[PDB]
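Report on the following structure.
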Amino acid sequence: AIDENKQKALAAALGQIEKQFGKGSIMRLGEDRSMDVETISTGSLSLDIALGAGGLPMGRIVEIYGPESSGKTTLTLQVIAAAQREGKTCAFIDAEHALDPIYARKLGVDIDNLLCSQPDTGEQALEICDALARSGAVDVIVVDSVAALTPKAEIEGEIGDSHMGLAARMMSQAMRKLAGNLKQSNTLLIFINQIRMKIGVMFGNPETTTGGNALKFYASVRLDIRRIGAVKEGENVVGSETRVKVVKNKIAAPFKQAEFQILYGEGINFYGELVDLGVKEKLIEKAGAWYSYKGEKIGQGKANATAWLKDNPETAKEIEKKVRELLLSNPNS
Amino acid sequence: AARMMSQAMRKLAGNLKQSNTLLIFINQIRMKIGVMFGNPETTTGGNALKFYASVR
Amino acid sequence: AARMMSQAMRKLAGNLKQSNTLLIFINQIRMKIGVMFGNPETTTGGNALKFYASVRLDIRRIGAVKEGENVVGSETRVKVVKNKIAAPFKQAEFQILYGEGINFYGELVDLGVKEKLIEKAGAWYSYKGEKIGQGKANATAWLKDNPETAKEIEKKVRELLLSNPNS
DNA sequence: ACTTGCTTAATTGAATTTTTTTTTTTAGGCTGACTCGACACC
DNA sequence: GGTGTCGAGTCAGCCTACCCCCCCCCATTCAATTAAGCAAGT
DNA sequence: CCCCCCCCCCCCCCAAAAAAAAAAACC
Ligand SMILES: Nc1ncnc2c1ncn2[C@@H]1O[C@H](COP(=O)(O)OP(=O)(O)OP(O)(O)=S)[C@@H](O)[C@H]1O
Ligand SMILES: [Mg+2]
């Protein structure tokens with residue numbers, strides 16, 4: 001008796017809300033396809049595993065932070081390169097004024113279709129982000145350094161002048177405005193941030209990021225990237241040994257980490273990863289310092305084993321297919 | 001209230017002068033809103049009393 | 001809302017006086033922003049109630065009351081910010097204990113010490129030589145057990161500090 | 001009977017520095033900028 | 001025929017009317033220091 | 001005895017509401 005009266009009052013209210021605000025304003029969460037999480041590759045297989053859902057989520061905000069020369073720009077360009085290869089449009093907002101277009105081409109970016117902007121102010125940078133988000137025509141936006149998003153008042157002003165929390169306020173306002181626009185357009189926004197030291201602290205770590213506290217809350221993923229060593233061809237340093245910690249994750253379990261090589265002028269070493277994962281999943285046998293695939297000695301030393309996998313495009317397909325099958329915990333589709 | 005004050009001033013001003021009686025009105029401040037230029041402080045009971053007052 | 005409150009006061013002030021009825025309005029605090037003349041703490045509902053009020057009390061929590069670790073109440077301060085029936089700007093300090101209310105015996109200690117009926121050496125409370133406890137809580141706990149001395153100290157404090165007693 | 005360490009509570013001090021600017025809800029005038037027709041002159 | 005220039009018309013943004021009330025502001029936590037009373041040693 | 005004719009003028013305001021936000025090593 002009361003059941004029917006409640007179901008009718010509910011049905012009437014739902015009808016009135018959908019009339020006043022629009023069609024999909026309120027609905028049951030189980031029958032809402034908009035809310036399903038879709039992901040894209042990072043151009044690193046170990047990082048796609050660490051993220052738990054096979055890559056970075058569309059319609060969300062991501063933060064990548066780290067020290068100087070850690071690989072923050074190189075990593076965001078490999079994301080763009082991968083996205084372009086699946087026929088997606090990408091934008092680069094270069095607030096640092098430090099992008100080399102020749103190096104971007106060497107990492108596999110289609111330069112001639114990559115939208116670029118070198119804005120004057122933080123406001124202009126973030127108004128271009130909102131304009132491209134509302135359009136529905138851009139799939140990935142990268143904002144290179146939050147640290148270089150200078151408010152207009154600070155550019156007009158003198159060096160030494162105080163602007164209390166003015167960048168932090170700008171970023172707080174930006175997040176509020178963007179979150180909704182990005183979810184509707186299914187657009188991925190990636191923010192790069194720099195590290196700074198906070199003083200008057202003895203608990204926790206003294207490392208901070210720039211641009212205040214809003215971005216920590218709204219980010220669905222946060223990556224801490226670091227250079228942990230060198231890659232040498234005898235004497236010549238030819239690349240960096242890199243580590244990425246997943247510091248925040250809302251689309252899968254956090255605190256996982258990824259290890260890989262960045263080689264100068266190539267990018268992330270995909271086959272270098274595919275060796276290490278093939279080893280861990282018992283598909284490649286490392287008998288001391290001798291890498292072996294089904295008895296056949298593919299080489300000795302990681303570089304020779306990688307060079308062998310490069311020469312055999314069938315054996316690389318085989319191992320990738322198995323590793324993808326096994327380790328990807330939440331496959332999206 | 002503005003009308004009642006308007007009518008009272010008309011009636012009282014002449015009766016006070018004849019009898020030589022001092023009449024003191026106390027008023028409270030309110031805040032007039034939708035004013036940018038100047039002082040947003042008003043008093044109560046309309047405009048008549050400003051005109052008929054010999055001292056404010 | 002400011003208009004409604006302005007209209008309400010006009011109507012109520014006279015009706016309350018005839019009936020001899022006490023009306024108490026509780027108000028919340030809000031922040032005034034921009035170009036501020038004075039303190040940025042405001043109250044809600046416009047400017048009428050400030051004029052019509054015969055008494056205005058500002059109440060504040062100034063600390064915790066702890067039984068070792070367990071927080072068992074609040075230390076409170078009340079400022080008299082407006083008064084038309086006696087002189088203003090006097091203040092009161094008392095304890096609110098959760099589930100009991102205002103700690104009457106705690107006030108009686110503090111008023112006993114002020115009017116020399118109780119002797120306080122460091123943190124040692126003495127009534128006519130006899131030592132009644134160390135610390136305000138043990139002193140209070142004694143006065144709770146000895147209602148003869150409580151009634152005596154109350155009667156003397158009322159005689160001293162309350163100017164005109166009851167009818 | 002004289003002196004000292006322990007007890008329990010309450011009191012006071014430091015905690016590196018030092019800093020900003022904005023709205024909706026005006027009304028009516030003044031400045032500068034853009035549009036268009038066309039008339040003088042090479 | 002085309003470009004500079006005279007002229008009327010229309011539109012977007014700024015600013016100036018304006019005096020200027022305050023009576024002085026919302027407040028905390030850990031730990032070193034002080035001290036009156038009382039049991040233990042002499 | 002016999003039979004109507006015609007309008008005139010406004011008056012007064014009332015009330016506030018609300019925060020937002022870090023930035024940086026030094027030997
Ligand atoms: N144009 C280039 N040619 C060769 N190597 C490069 C080039 N640009 C960057 N690298 C190297 O790639 C590695 C990572 O560089 P990035 O990806 O630019 O790092 P990053 O964190 O953006 O550092 P910033 O912005 O300069 S603090 C470093 O060892 C660089 O020296
Ligand atoms: Mg960079």
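Within every chain, numbering begins at 1; the chains are lettered A, B, ... in the order of the sequence lines, protein sequences first and strands thereafter.
Pucker annotation for E:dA27 reads south, on the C2'-endo side, since its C1'-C2'-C3'-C4' dihedral is below zero. A negative value of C1'-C2'-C3'-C4' puts the sugar of E:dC23 in the south, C2'-endo-like family. Sugar conformation, F:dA16: south. The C1'-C2'-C3'-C4' torsion carries a negative sign. A north sugar is assigned to F:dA18: the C1'-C2'-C3'-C4' torsion is positive, on the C3'-endo side.
Positionally, the nearest nucleotide of DNA chain F for B:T44 lies more toward the 5' end than for the other of B:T44 and C:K32. When the nearest nucleotides of DNA chain F are assigned to B:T43 and A:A167 by heavy-atom distance, the more 5′-ward of the two goes with B:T43.
Among the protein residues, A:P206 comes within range of no part of the nucleic acid, since none of its heavy atoms lies under 4.0 Å from any strand. Nucleic acid contact for A:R196: sugar-phosphate only, since backbone atoms but no base atoms lie under 4.0 Å from a heavy atom of the residue. Using a 4.0 Å heavy-atom criterion, one finds that A:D161 contacts no nucleic acid atom at all. Residue-level contact check: C:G63 touches neither bases nor backbone, having no heavy atom under 4.0 Å from any strand.
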Footprint string (nucleotides 7-17 of chain D, 5' to 3'): B base within contact, S backbone only, - free, heavy atoms under 4.0 Å: -BSSS----B-

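Judged by distance alone, the side chains of C:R61 and C:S74 do bring a donor and an acceptor atom under 3.5 Å apart. Judged purely by distance below 3.5 Å, without hydrogens or angles, the side chains of A:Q194 and A:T210 never pair a donor atom with an acceptor atom. Counted by atom type alone, A:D144 and A:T73 present one or more donor-acceptor pairs between their side chains at under 3.5 Å. For the residue pair C:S6/B:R30, the side-chain donor-acceptor check at 3.5 Å is satisfied. A donor and an acceptor atom, one from each side chain of C:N146 and C:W142, are located under 3.5 Å apart.
The CD atom of A:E63 sits 10.5 Å away from the CD1 atom of A:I61 when rounded to the nearest 0.5 Å.
Within 6.0 Å of NZ in C:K114 there are 12 or fewer heavy atoms belonging to other residues, nucleotides or ligands. For CD of C:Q91, the number of neighbouring non-hydrogen atoms (other residues, nucleotides, ligands) closer than 6.0 Å is greater than 12.
The closest side-chain heavy-atom distance from C:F94 to C:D110 is not below 4.5 Å. For the pair C:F104/C:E154, a side-chain contact is recorded, criterion being any heavy-atom separation below 4.5 Å from C-beta on. When side chains are defined from C-beta on, A:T121 does not count as touching A:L149, because their heavy atoms never get closer than 4.5 Å. Between A:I93 and A:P119 there is a side-chain heavy-atom pair separated by less than 4.5 Å. The side-chain heavy atoms of A:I190 and A:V143, taken from C-beta on, include no pair separated by under 4.5 Å. By the 4.5 Å heavy-atom criterion applied to side chains, A:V247 and A:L223 are not counted as neighbours. Annotation: side chain of B:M31 is in contact with side chain of B:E41 (closest heavy-atom distance under 4.5 Å). For the pair C:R77/C:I59, no side-chain contact is recorded, criterion being any heavy-atom separation below 4.5 Å from C-beta on.
Judged by ring centres closer than 5.5 Å and planes tilted by less than 30°, the bases of D:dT7 and D:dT8 are stacked on each other. Judged by ring-centre distance under 5.5 Å and interplanar angle under 30°, strand neighbours F:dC13 and F:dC14 are stacked. Remark: bases of strand neighbours D:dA10 and D:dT11 are stacked by the 5.5 Å centre distance and 30° plane angle definition. The neighbouring residues F:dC6 and F:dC7 do not form a stacked base step, as their six-membered rings are not both less than 5.5 angstrom apart at the centres and less than 30 degrees apart in plane orientation. In this strand, F:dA17 stacks onto F:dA18; the six-membered rings sit under 5.5 Å apart at an angle under 30°.
The NZ atom of B:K50 sits 11 Å away from the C1' atom of F:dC13 (whole-angstrom rounding). When rounded to the nearest whole Å, the span between CE of B:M31 and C1' of D:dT25 equals 16 Å. Atoms CD (C:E130) and P (E:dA36) sit 21 Å apart, rounded to a whole Å. Rounding to whole angstrom units, CG of residue C:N27 and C1' of F:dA17 are separated by 13 Å. Between the CD atom of A:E158 and the P atom of D:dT19 there is a distance of 17 Å, rounded to whole Å. Atom CG of B:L49 and atom P of F:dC14 are 12 Å apart (whole Å). For the pair A:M164 CE and F:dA24 P, the computed distance is 14 Å after rounding to whole Å. Protein atom CE of A:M170 is 16 Å distant from nucleotide atom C1' of D:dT22, rounded to whole Å.
Base pairing analysis places D:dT26 opposite E:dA17; the two distances defining the Watson-Crick or G-U wobble pair are each below 3.5 Å. Base pairing analysis places D:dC39 opposite E:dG4; the two distances defining the Watson-Crick or G-U wobble pair are each below 3.5 Å.
The side chain of A:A168 lies closest to F:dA22 when the candidates are E:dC26, F:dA15, F:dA22. Nearest to the side-chain atoms of C:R3 among the listed nucleotides F:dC14, D:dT25, E:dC21 stands F:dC14. Nearest nucleotide to the side chain of B:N47, out of E:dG37, F:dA16, F:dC13: F:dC13. Nearest to the side chain of B:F37, among E:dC21, E:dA17, F:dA15, sits E:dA17.
For B:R10, a side-chain nitrogen or oxygen approaches OP1 or OP2 of F:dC12 to under 4.0 Å. Here A:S162 does not reach the OP1 or OP2 of D:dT18: none of its side-chain N or O atoms lies under 4.0 Å away. Listed pair B:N39 / E:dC21 fails the phosphate criterion, with no side-chain N or O lying under 4.0 Å from OP1 or OP2. For C:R60 and E:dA27, the shortest distance from a side-chain N or O to OP1 or OP2 is below 4.0 Å.
Stem list for DNA chain F (at least 3 consecutive Watson-Crick or G-U pairs, distances under 3.5 Å): D:17-23 with F:18-24.
As rounded to the nearest Å, D:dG28 and E:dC18 have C1' atoms that lie 15 Å from one another. Comparing the same atom, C1', in D:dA14 and in F:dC27 gives a spacing of 25 Å after rounding to whole Å. Comparing F:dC11 with D:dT31, their P atoms are spaced 41 Å from each other, to the whole Å. Atom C1' of E:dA27 sits at a distance of 25 Å from the matching atom of F:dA17, rounded to the whole Å.
In E:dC20 the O4'-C1'-N dihedral to the base is within 90° of 0, which defines a syn nucleotide. For E:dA39, the base is anti relative to its sugar; the glycosidic angle deviates from 0 by more than 90°.
The rotation axes computed at either terminus of the helix from D:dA1-E:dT42 to D:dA15-E:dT28 lie 10° apart, taking five pairs at each end and rounding to 10 degrees.
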